[PDB]
file target.cif (mmCIF, C-alpha atoms and all ligand atoms)
data_entry
#
loop_
_atom_site.label_atom_id
_atom_site.label_comp_id
_atom_site.auth_asym_id
_atom_site.auth_seq_id
_atom_site.Cartn_x
_atom_site.Cartn_y
_atom_site.Cartn_z
CA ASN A 1 25.55 -10.59 -24.58
CA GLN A 2 21.90 -9.70 -23.85
CA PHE A 3 22.86 -7.46 -20.90
CA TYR A 4 24.79 -4.28 -20.11
CA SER A 5 25.71 -2.64 -16.80
CA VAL A 6 25.37 0.95 -15.74
CA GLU A 7 25.74 2.96 -12.56
CA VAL A 8 22.45 4.53 -11.44
CA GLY A 9 22.51 6.34 -8.11
CA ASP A 10 24.81 4.29 -5.89
CA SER A 11 23.83 0.92 -7.42
CA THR A 12 24.87 -1.01 -10.52
CA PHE A 13 22.02 -2.03 -12.81
CA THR A 14 22.74 -4.95 -15.16
CA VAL A 15 19.71 -5.02 -17.48
CA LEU A 16 18.42 -6.26 -20.84
CA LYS A 17 19.63 -4.05 -23.73
CA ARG A 18 16.01 -3.23 -24.60
CA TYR A 19 15.95 -1.00 -21.47
CA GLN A 20 17.78 2.29 -22.17
CA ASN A 21 18.35 5.74 -20.68
CA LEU A 22 18.12 4.51 -17.07
CA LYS A 23 17.42 7.25 -14.53
CA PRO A 24 16.90 6.91 -10.77
CA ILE A 25 13.45 7.54 -9.34
CA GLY A 26 12.06 8.17 -5.86
CA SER A 27 13.77 7.08 -2.64
CA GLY A 28 13.86 3.88 -0.50
CA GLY A 29 13.74 0.23 -2.89
CA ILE A 30 16.27 0.54 -5.73
CA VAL A 31 14.18 1.58 -8.75
CA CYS A 32 14.97 3.07 -12.19
CA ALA A 33 13.06 4.76 -14.98
CA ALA A 34 13.93 3.40 -18.39
CA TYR A 35 12.86 3.47 -22.02
CA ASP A 36 11.87 0.01 -23.33
CA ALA A 37 12.75 -0.12 -27.06
CA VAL A 38 10.82 -3.35 -27.64
CA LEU A 39 7.51 -2.12 -26.25
CA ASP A 40 8.22 1.54 -27.17
CA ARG A 41 7.23 2.87 -23.80
CA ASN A 42 8.63 3.99 -20.48
CA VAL A 43 9.00 1.46 -17.71
CA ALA A 44 10.14 1.25 -14.08
CA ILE A 45 12.79 -1.35 -13.20
CA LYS A 46 13.18 -2.58 -9.60
CA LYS A 47 16.47 -4.25 -8.53
CA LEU A 48 16.17 -6.77 -5.68
CA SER A 49 19.74 -7.30 -4.45
CA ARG A 50 20.25 -10.75 -2.98
CA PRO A 51 16.58 -11.20 -2.02
CA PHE A 52 17.61 -14.47 -0.26
CA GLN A 53 20.00 -12.60 2.14
CA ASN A 54 17.74 -13.35 5.13
CA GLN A 55 14.46 -15.26 5.65
CA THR A 56 12.41 -12.06 6.05
CA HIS A 57 13.54 -10.42 2.79
CA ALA A 58 13.27 -13.80 1.10
CA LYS A 59 9.70 -14.62 2.21
CA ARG A 60 8.56 -11.16 1.04
CA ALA A 61 10.31 -11.33 -2.34
CA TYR A 62 9.03 -14.81 -3.00
CA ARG A 63 5.49 -14.06 -1.85
CA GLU A 64 5.28 -10.90 -3.90
CA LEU A 65 6.74 -12.48 -7.05
CA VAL A 66 4.17 -15.28 -6.83
CA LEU A 67 1.22 -12.93 -6.23
CA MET A 68 2.23 -10.49 -9.02
CA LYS A 69 1.77 -13.46 -11.36
CA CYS A 70 -1.62 -14.31 -9.71
CA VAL A 71 -3.46 -11.03 -9.83
CA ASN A 72 -5.12 -9.06 -12.66
CA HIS A 73 -6.41 -5.54 -12.04
CA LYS A 74 -5.62 -2.05 -13.32
CA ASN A 75 -5.22 -0.72 -9.74
CA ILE A 76 -2.70 -3.44 -8.79
CA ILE A 77 0.86 -3.80 -10.04
CA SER A 78 1.22 -6.05 -13.07
CA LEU A 79 4.69 -7.05 -14.12
CA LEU A 80 5.84 -6.57 -17.73
CA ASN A 81 9.04 -8.60 -17.29
CA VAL A 82 11.27 -10.32 -14.68
CA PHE A 83 14.92 -11.30 -15.18
CA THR A 84 18.30 -12.03 -13.68
CA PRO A 85 21.61 -11.38 -15.45
CA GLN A 86 23.09 -14.44 -13.67
CA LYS A 87 23.27 -17.66 -15.63
CA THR A 88 23.16 -20.27 -12.85
CA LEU A 89 21.78 -20.84 -9.36
CA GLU A 90 25.34 -20.67 -7.86
CA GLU A 91 25.95 -17.38 -9.64
CA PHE A 92 22.42 -16.03 -8.86
CA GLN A 93 22.56 -12.66 -7.10
CA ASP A 94 19.84 -10.25 -8.27
CA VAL A 95 16.29 -10.05 -9.61
CA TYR A 96 14.97 -7.25 -11.81
CA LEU A 97 11.24 -6.55 -11.99
CA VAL A 98 9.75 -4.36 -14.71
CA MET A 99 6.46 -2.48 -14.72
CA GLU A 100 4.72 0.63 -16.12
CA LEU A 101 6.41 3.95 -15.37
CA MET A 102 3.91 6.18 -13.54
CA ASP A 103 4.26 9.92 -12.77
CA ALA A 104 4.52 10.18 -8.96
CA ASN A 105 4.03 8.32 -5.70
CA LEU A 106 1.05 8.98 -3.46
CA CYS A 107 3.12 10.82 -0.83
CA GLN A 108 3.79 13.50 -3.43
CA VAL A 109 0.11 13.63 -4.38
CA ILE A 110 -0.92 14.00 -0.70
CA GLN A 111 1.22 17.19 -0.56
CA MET A 112 -1.03 18.78 -3.22
CA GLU A 113 -4.10 20.78 -2.60
CA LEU A 114 -6.50 18.23 -4.05
CA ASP A 115 -10.09 18.83 -5.05
CA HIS A 116 -12.82 16.30 -4.20
CA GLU A 117 -12.83 15.03 -7.79
CA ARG A 118 -9.22 13.87 -7.46
CA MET A 119 -9.31 12.73 -3.82
CA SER A 120 -12.54 10.73 -4.29
CA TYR A 121 -11.21 9.06 -7.50
CA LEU A 122 -7.93 8.20 -5.80
CA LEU A 123 -9.85 6.61 -2.90
CA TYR A 124 -12.22 4.86 -5.24
CA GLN A 125 -9.33 3.10 -7.03
CA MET A 126 -7.66 2.15 -3.72
CA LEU A 127 -10.93 0.46 -2.74
CA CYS A 128 -11.22 -1.29 -6.13
CA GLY A 129 -7.65 -2.57 -5.73
CA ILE A 130 -8.27 -3.66 -2.17
CA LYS A 131 -11.51 -5.41 -3.13
CA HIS A 132 -9.68 -7.31 -5.86
CA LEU A 133 -7.01 -8.45 -3.39
CA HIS A 134 -9.62 -9.64 -0.88
CA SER A 135 -11.44 -11.49 -3.67
CA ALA A 136 -8.25 -13.55 -4.16
CA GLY A 137 -7.97 -14.04 -0.41
CA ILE A 138 -5.20 -11.47 0.06
CA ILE A 139 -5.68 -9.18 3.08
CA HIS A 140 -2.98 -6.55 2.86
CA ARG A 141 -2.65 -5.06 6.41
CA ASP A 142 0.22 -2.65 5.54
CA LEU A 143 -1.24 -0.40 2.88
CA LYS A 144 0.63 2.92 2.77
CA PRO A 145 1.09 5.88 0.46
CA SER A 146 4.76 5.21 -0.35
CA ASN A 147 3.79 1.89 -1.97
CA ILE A 148 1.13 3.55 -4.19
CA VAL A 149 1.94 5.30 -7.47
CA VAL A 150 -0.12 7.64 -9.61
CA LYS A 151 -0.22 8.94 -13.21
CA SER A 152 -1.16 12.46 -14.31
CA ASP A 153 -4.65 11.33 -15.29
CA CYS A 154 -5.03 10.26 -11.60
CA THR A 155 -4.85 6.55 -12.35
CA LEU A 156 -3.39 4.66 -9.36
CA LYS A 157 -1.68 1.31 -8.72
CA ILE A 158 -0.87 -0.43 -5.42
CA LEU A 159 2.62 -1.93 -5.62
CA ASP A 160 2.86 -4.41 -2.73
CA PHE A 161 0.90 -7.20 -1.06
CA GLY A 162 1.40 -6.30 2.60
CA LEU A 163 1.89 -8.69 5.51
CA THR A 164 6.76 2.89 8.46
CA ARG A 165 3.76 1.64 10.51
CA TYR A 166 1.52 4.74 10.81
CA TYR A 167 -1.21 3.36 8.51
CA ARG A 168 -1.67 0.03 10.35
CA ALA A 169 -4.97 -0.86 11.96
CA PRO A 170 -5.65 -1.27 15.69
CA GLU A 171 -6.02 -5.02 15.14
CA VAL A 172 -2.48 -5.16 13.67
CA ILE A 173 -1.01 -2.85 16.31
CA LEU A 174 -2.65 -4.90 19.13
CA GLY A 175 -2.32 -8.46 17.65
CA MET A 176 -6.06 -9.02 17.57
CA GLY A 177 -7.09 -10.89 14.51
CA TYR A 178 -8.74 -9.20 11.62
CA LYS A 179 -11.09 -9.43 8.69
CA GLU A 180 -11.11 -7.65 5.32
CA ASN A 181 -12.01 -4.18 6.72
CA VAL A 182 -8.58 -4.06 8.40
CA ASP A 183 -7.50 -2.30 5.18
CA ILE A 184 -10.25 0.36 5.50
CA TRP A 185 -8.47 1.72 8.50
CA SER A 186 -5.37 2.43 6.36
CA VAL A 187 -7.41 3.95 3.53
CA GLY A 188 -8.99 6.09 6.21
CA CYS A 189 -5.52 7.17 7.42
CA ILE A 190 -4.49 8.16 3.88
CA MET A 191 -7.75 10.09 3.37
CA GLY A 192 -7.32 11.99 6.65
CA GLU A 193 -3.76 12.77 5.64
CA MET A 194 -4.92 14.17 2.28
CA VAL A 195 -7.12 16.56 4.31
CA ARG A 196 -4.78 17.48 7.18
CA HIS A 197 -1.55 17.38 5.26
CA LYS A 198 -0.09 15.73 8.37
CA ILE A 199 0.33 12.05 9.22
CA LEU A 200 -2.61 11.20 11.54
CA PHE A 201 -0.89 8.78 13.92
CA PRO A 202 2.87 9.36 13.61
CA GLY A 203 4.22 7.11 16.37
CA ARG A 204 7.88 6.11 16.69
CA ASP A 205 6.68 2.72 17.96
CA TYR A 206 3.38 0.89 18.55
CA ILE A 207 2.91 2.34 22.11
CA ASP A 208 3.30 5.90 20.80
CA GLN A 209 1.05 5.19 17.82
CA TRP A 210 -1.73 3.75 20.02
CA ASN A 211 -1.37 6.83 22.21
CA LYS A 212 -2.03 9.15 19.25
CA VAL A 213 -5.01 7.04 18.17
CA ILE A 214 -6.77 7.24 21.58
CA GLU A 215 -5.85 10.93 22.10
CA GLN A 216 -7.85 11.82 18.96
CA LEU A 217 -10.49 9.12 18.52
CA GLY A 218 -11.05 8.31 22.19
CA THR A 219 -10.71 5.20 24.27
CA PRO A 220 -12.61 2.31 22.62
CA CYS A 221 -15.64 0.64 24.24
CA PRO A 222 -15.53 -2.43 26.57
CA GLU A 223 -16.93 -4.56 23.72
CA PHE A 224 -13.69 -3.81 21.86
CA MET A 225 -11.45 -4.39 24.89
CA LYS A 226 -12.57 -7.96 25.53
CA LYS A 227 -11.61 -9.05 22.02
CA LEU A 228 -7.98 -8.42 23.10
CA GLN A 229 -5.75 -11.16 24.57
CA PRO A 230 -5.61 -10.69 28.37
CA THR A 231 -2.12 -9.12 28.66
CA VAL A 232 -2.61 -6.61 25.81
CA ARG A 233 -6.06 -6.04 27.25
CA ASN A 234 -4.43 -5.17 30.61
CA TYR A 235 -2.21 -2.63 28.89
CA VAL A 236 -4.98 -1.02 26.87
CA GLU A 237 -7.52 -0.89 29.74
CA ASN A 238 -4.97 0.84 31.98
CA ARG A 239 -3.96 3.63 29.56
CA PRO A 240 -5.04 7.18 30.42
CA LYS A 241 -8.64 7.57 29.23
CA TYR A 242 -9.87 9.94 26.53
CA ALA A 243 -13.37 10.94 25.48
CA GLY A 244 -12.06 11.60 21.96
CA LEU A 245 -12.79 14.44 19.56
CA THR A 246 -15.71 14.66 17.13
CA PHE A 247 -14.86 14.51 13.45
CA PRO A 248 -15.69 18.15 12.80
CA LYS A 249 -13.03 18.99 15.42
CA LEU A 250 -10.58 16.36 14.14
CA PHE A 251 -10.95 17.78 10.61
CA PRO A 252 -12.01 21.42 10.95
CA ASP A 253 -13.82 23.40 8.27
CA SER A 254 -10.65 25.39 7.75
CA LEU A 255 -9.16 22.29 6.04
CA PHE A 256 -11.78 22.24 3.33
CA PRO A 257 -12.44 24.52 0.36
CA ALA A 258 -15.61 26.58 0.97
CA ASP A 259 -15.91 28.48 -2.32
CA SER A 260 -18.97 26.69 -3.75
CA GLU A 261 -22.01 24.70 -2.65
CA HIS A 262 -20.59 21.68 -4.46
CA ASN A 263 -17.53 21.81 -2.26
CA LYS A 264 -19.48 22.49 0.91
CA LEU A 265 -21.51 19.39 0.35
CA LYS A 266 -18.49 17.32 -0.69
CA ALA A 267 -16.71 18.40 2.55
CA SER A 268 -19.57 17.09 4.71
CA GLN A 269 -19.60 13.87 2.68
CA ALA A 270 -15.80 13.42 3.06
CA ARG A 271 -15.99 13.90 6.81
CA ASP A 272 -18.85 11.42 7.03
CA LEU A 273 -16.78 8.78 5.21
CA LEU A 274 -13.74 9.51 7.35
CA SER A 275 -15.87 9.00 10.49
CA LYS A 276 -16.86 5.55 9.27
CA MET A 277 -13.36 4.36 8.20
CA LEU A 278 -11.41 5.69 11.23
CA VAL A 279 -13.24 3.56 13.75
CA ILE A 280 -11.15 1.60 16.23
CA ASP A 281 -13.48 -1.44 16.60
CA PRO A 282 -13.60 -3.39 13.30
CA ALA A 283 -17.08 -4.65 14.20
CA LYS A 284 -18.36 -1.05 13.73
CA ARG A 285 -15.97 0.13 10.98
CA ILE A 286 -17.27 0.40 7.43
CA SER A 287 -16.59 -2.41 4.94
CA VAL A 288 -15.04 -2.08 1.50
CA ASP A 289 -18.38 -2.75 -0.24
CA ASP A 290 -20.26 -0.22 1.90
CA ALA A 291 -17.48 2.39 1.34
CA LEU A 292 -17.83 1.89 -2.43
CA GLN A 293 -21.53 2.73 -1.98
CA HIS A 294 -20.81 5.91 -0.03
CA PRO A 295 -21.91 9.15 -1.81
CA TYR A 296 -18.34 10.52 -1.76
CA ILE A 297 -17.17 7.46 -3.70
CA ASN A 298 -20.14 5.97 -5.60
CA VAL A 299 -20.05 8.57 -8.38
CA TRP A 300 -17.11 6.59 -9.87
CA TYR A 301 -18.60 3.11 -9.35
CA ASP A 302 -17.97 0.90 -12.41
CA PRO A 303 -18.84 -2.85 -11.93
CA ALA A 304 -16.08 -3.90 -14.35
CA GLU A 305 -13.60 -2.33 -11.90
CA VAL A 306 -15.39 -3.22 -8.67
CA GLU A 307 -16.38 -6.81 -9.54
CA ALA A 308 -13.43 -7.97 -11.69
CA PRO A 309 -12.43 -11.64 -11.46
CA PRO A 310 -9.43 -12.80 -9.43
CA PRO A 311 -7.38 -15.60 -11.10
CA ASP A 312 1.07 -22.38 1.68
CA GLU A 313 3.35 -20.32 4.01
CA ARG A 314 6.30 -22.25 5.50
CA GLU A 315 9.81 -21.23 6.49
CA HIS A 316 13.03 -22.12 4.66
CA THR A 317 16.77 -21.60 4.97
CA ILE A 318 18.35 -18.88 2.85
CA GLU A 319 19.84 -21.65 0.67
CA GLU A 320 16.29 -22.99 0.15
CA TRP A 321 14.84 -19.51 -0.47
CA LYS A 322 17.47 -18.78 -3.13
CA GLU A 323 16.44 -21.84 -5.15
CA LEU A 324 12.70 -21.14 -4.72
CA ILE A 325 13.19 -17.58 -5.91
CA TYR A 326 15.55 -18.61 -8.74
CA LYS A 327 12.95 -21.10 -9.90
CA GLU A 328 10.10 -18.50 -10.00
CA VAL A 329 12.36 -16.09 -11.90
CA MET A 330 13.22 -18.74 -14.49
CA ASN A 331 9.76 -20.43 -14.49
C1 LIG B 401 10.55 14.13 -16.90
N1 LIG B 401 9.52 14.14 -15.84
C2 LIG B 401 8.51 15.14 -16.27
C3 LIG B 401 8.88 12.80 -15.81
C4 LIG B 401 8.53 12.32 -14.37
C5 LIG B 401 8.30 10.79 -14.32
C6 LIG B 401 8.44 10.20 -12.93
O1 LIG B 401 9.17 10.71 -12.09
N2 LIG B 401 7.73 9.08 -12.61
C7 LIG B 401 7.73 8.39 -11.37
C8 LIG B 401 7.95 8.96 -10.12
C9 LIG B 401 7.93 8.17 -8.96
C10 LIG B 401 8.17 8.74 -7.61
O2 LIG B 401 8.05 8.02 -6.64
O3 LIG B 401 8.53 10.04 -7.45
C11 LIG B 401 7.65 6.81 -9.05
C12 LIG B 401 7.42 6.25 -10.30
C13 LIG B 401 7.15 4.81 -10.48
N3 LIG B 401 6.51 4.32 -11.52
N4 LIG B 401 6.43 2.94 -11.43
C14 LIG B 401 7.08 2.54 -10.30
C15 LIG B 401 7.31 1.28 -9.75
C16 LIG B 401 8.01 1.13 -8.57
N5 LIG B 401 8.26 -0.15 -8.06
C17 LIG B 401 8.44 -1.25 -8.90
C18 LIG B 401 9.03 -1.13 -10.17
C19 LIG B 401 9.15 -2.27 -10.96
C20 LIG B 401 8.69 -3.50 -10.50
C21 LIG B 401 8.13 -3.61 -9.23
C22 LIG B 401 8.00 -2.48 -8.44
CL1 LIG B 401 7.29 -2.59 -6.87
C23 LIG B 401 8.51 2.26 -7.92
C24 LIG B 401 8.30 3.52 -8.44
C25 LIG B 401 7.59 3.68 -9.65
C26 LIG B 401 7.47 7.03 -11.44
#
call {"tool": "encode", "arguments": {"input": "target.cif", "output": "structure tokens"}}
result
Amino acid sequence: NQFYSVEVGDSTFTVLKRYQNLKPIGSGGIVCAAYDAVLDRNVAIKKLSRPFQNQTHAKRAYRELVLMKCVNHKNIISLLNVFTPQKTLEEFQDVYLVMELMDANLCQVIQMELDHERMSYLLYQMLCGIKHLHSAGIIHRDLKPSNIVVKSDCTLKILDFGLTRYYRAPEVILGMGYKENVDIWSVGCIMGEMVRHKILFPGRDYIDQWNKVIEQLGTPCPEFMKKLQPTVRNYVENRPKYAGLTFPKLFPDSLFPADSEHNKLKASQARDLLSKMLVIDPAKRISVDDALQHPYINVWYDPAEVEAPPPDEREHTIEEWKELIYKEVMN
């Protein structure tokens, strides 16, 4: 047999024999660290249990499997291998996805005191990854630190393809319609969180989250309000009003290292970029291309990374999703 089974965490992993020394990593999906004896390197193995168990799980698993094949960029997940230990469609239960083993997820990195060298390079790569997605017509809308992983040399990869809701843009929260700079918002939320070491807009639901947005950034302009459908517009127009805080007060000097002129200047640059990404109205929020030209970011700008080439959506029953997924897994 090509497979063996082992108990990692609370789950059973049935994997190709090439993958050895399985060890659990992180929290959440169900993922393992392993040594791959064929490639002679360390990999991560994700177990999707019964991805066809409901139409929501199924649509996501299918969509992501299909896009992981599509895409080609060093800041986006690229699969090394995909397999099921089950031999037939009737027996089909689980899918295993294999990729590079990194060193940490971005939530761990955010907890570090980071210099501007590291923070700017992390943000640079997020923007390269996001630009690549958009170039293939993929607008993420749910970018968040827990789905981003990092190596020790600060190399980063985004692991999912989008649509914890703290990183979602106003247009997502309010059902507005969006363009590509919807994902800037989330990058802006991550950046702010790297500075504050606190989640910027930690709402338990969308009402609470909107409240924390307006409390800090201020009530948006009328121009913004009339882009909202009338009933959501009613809600938003009738919230308690807020003038909002300036970005120096949102992100005080105390948050930034002040030990050199380099760092003083980089602090002012970081706050400038933040003030252009955390903008409620997407008509006035910075784009991905403009952000890549910002002085905080442009020091890293490599056209081979920024301008790399990119290579329907119905509903189905779970029976139908199982077959669709089984097919993709088998090719
Ligand atoms: C001995 N020490 C020093 C070594 C430390 C090494 C170490 O801990 N590394 C490490 C830590 C953490 C973490 O989160 O804390 C996460 C990872 C990680 N690397 N690649 C992944 C892919 C997925 N998802 C995934 C996997 C496969 C396919 C598809 C997907 Cl989406 C999920 C998590 C990871 C690695």
call {"tool": "closest_residue", "arguments": {"input": "target.cif", "among": "A:82, A:265, A:189, A:37", "to": "ligand LIG 401 (chain B)", "atoms": "only C-alpha atoms and all ligand atoms"}}
result
A:82
call {"tool": "residues_near_ligand", "arguments": {"input": "target.cif", "ligand": "ligand LIG 401 (chain B)", "cutoff": "6 Å", "atoms": "all atoms listed in the file", "output": "NGL selection string"}}
result
:A and (25-26 or 31 or 44-46 or 97-105 or 159)
call {"tool": "atom_distance", "arguments": {"input": "target.cif", "atom1": "atom CA of residue 242 of chain A", "atom2": "atom CA of residue 210 of chain A"}}
result
12.1 Å
call {"tool": "closest_residue", "arguments": {"input": "target.cif", "among": "A:124, A:95, A:238, A:243", "to": "residue 327 of chain A", "atoms": "all atoms listed in the file"}}
result
A:95
call {"tool": "closest_residue", "arguments": {"input": "target.cif", "among": "A:307, A:281, A:183, A:272", "to": "residue 218 of chain A", "atoms": "only C-alpha atoms"}}
result
A:281
call {"tool": "closest_residue", "arguments": {"input": "target.cif", "among": "A:27, A:229, A:275, A:49", "to": "residue 93 of chain A", "atoms": "all atoms listed in the file"}}
result
A:49
call {"tool": "closest_residue", "arguments": {"input": "target.cif", "among": "A:125, A:181, A:2, A:152", "to": "residue 289 of chain A", "atoms": "all atoms listed in the file"}}
result
A:181
call {"tool": "closest_residue", "arguments": {"input": "target.cif", "among": "A:234, A:72, A:55, A:164", "to": "residue 202 of chain A", "atoms": "all atoms listed in the file"}}
result
A:164
call {"tool": "atom_distance", "arguments": {"input": "target.cif", "atom1": "atom CA of residue 293 of chain A", "atom2": "atom CA of residue 161 of chain A"}}
result
24.5 Å
call {"tool": "residues_around", "arguments": {"input": "target.cif", "residues": "residue 255 of chain A", "least_positions_apart": "2", "cutoff": "9 Å", "atoms": "all atoms listed in the file", "output": "PyMOL selection string"}}
result
chain A and resi 195-196+251-253+257
call {"tool": "residues_around", "arguments": {"input": "target.cif", "residues": "residue 136 of chain A", "least_positions_apart": "5", "cutoff": "12 Å", "atoms": "all atoms listed in the file", "output": "list in words"}}
result
residues 67, 68, 70, 71, 72, 73, 129, 130, 131, 161, 180, 307, 308, 309, 310 and 311 of chain A
call {"tool": "residues_near_point", "arguments": {"input": "target.cif", "point": "(-13.7, -3.8, 2.4)", "cutoff": "12 Å", "atoms": "all atoms listed in the file", "output": "ChimeraX atom specification"}}
result
/A:124,126-135,138-141,178-188,277,282,285-293,306
